[PDB]
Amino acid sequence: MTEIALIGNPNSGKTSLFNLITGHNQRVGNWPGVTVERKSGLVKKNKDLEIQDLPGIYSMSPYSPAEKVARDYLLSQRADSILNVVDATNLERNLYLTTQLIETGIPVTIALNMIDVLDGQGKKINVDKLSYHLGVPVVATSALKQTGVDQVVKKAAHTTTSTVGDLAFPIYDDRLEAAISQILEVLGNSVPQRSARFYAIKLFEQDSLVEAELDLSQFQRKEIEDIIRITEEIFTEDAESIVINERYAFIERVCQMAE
């Protein structure tokens, strides 16, 4: 049983896609925050696949208990594939989460949703360019026009933890990359190896939730703190700001290639 998780911003069209894929009629509304819990269903054309609808999230640092549900499902390691639902009309803001999803180590497939709206706006995205520079498969989809839905499933089904080798992660400023390496060494086996890069960056961000979940040793905590301090001194900038700006810097470069 292959497990696909529907991840992406609220109001991006995850449930709309879920209903088409499974045959269900789950609640779909034109405002952020409709889905409030996990909903499972089998993929109709290939029953070996189980797909999970989940509440929308803006990032992997949640706010609502609804946002937590989606995060907790991914971090429990239950997902074999991340089907990242992306609103193409607001690509830059949507990809902020995407970078974090690749970092979790669960192979990401992008449903570049709402492509029909984008075609109305007269704008276009070079799908293959966006795919190359992001290191993930991308499929232009429309839940309204019912285009590209089967193809995005097919690609997600074939981009799993058991079909994909070495994963290409978003490469940031080399100075932060040096800091990430040092945190990875410090972490060791305290996290699953697949998700190590995700946790390492979150620990650099000094994310409250991740810090509490991990319960690191006094020696790990002390070294990570020294690494942050030094990197802050090097970047002439606070840790939280370094990452936020590095993600958007990475996204801006990618969107220039694609748009």
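Just count from 1 along the sequence shown to find any residue number.
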query: Greater mean Cα temperature factor according to the PDB record, 97-105 or 161-169; finding: 161-169
query: 204-212 versus 25-33 - greater average Cα B-factor per the deposited record; finding: 204-212
query: Options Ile57, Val191, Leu49, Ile228 - largest CA temperature factor per the record; finding: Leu49
query: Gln146, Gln182, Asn113, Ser81, ranked by C-alpha B-factor: the highest one; finding: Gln146
query: Within-chain third of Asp174 by Cα B-factor, per the entry; finding: middle
query: Third assignment of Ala156 from its chain's C-alpha B-factors; finding: lowest
query: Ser64 - which third its CA temperature factor falls in, relative to the rest of the chain; finding: highest
query: Third of chain Cα B-factors occupied by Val127; finding: highest
query: Third of chain Cα B-factors occupied by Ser16; finding: lowest
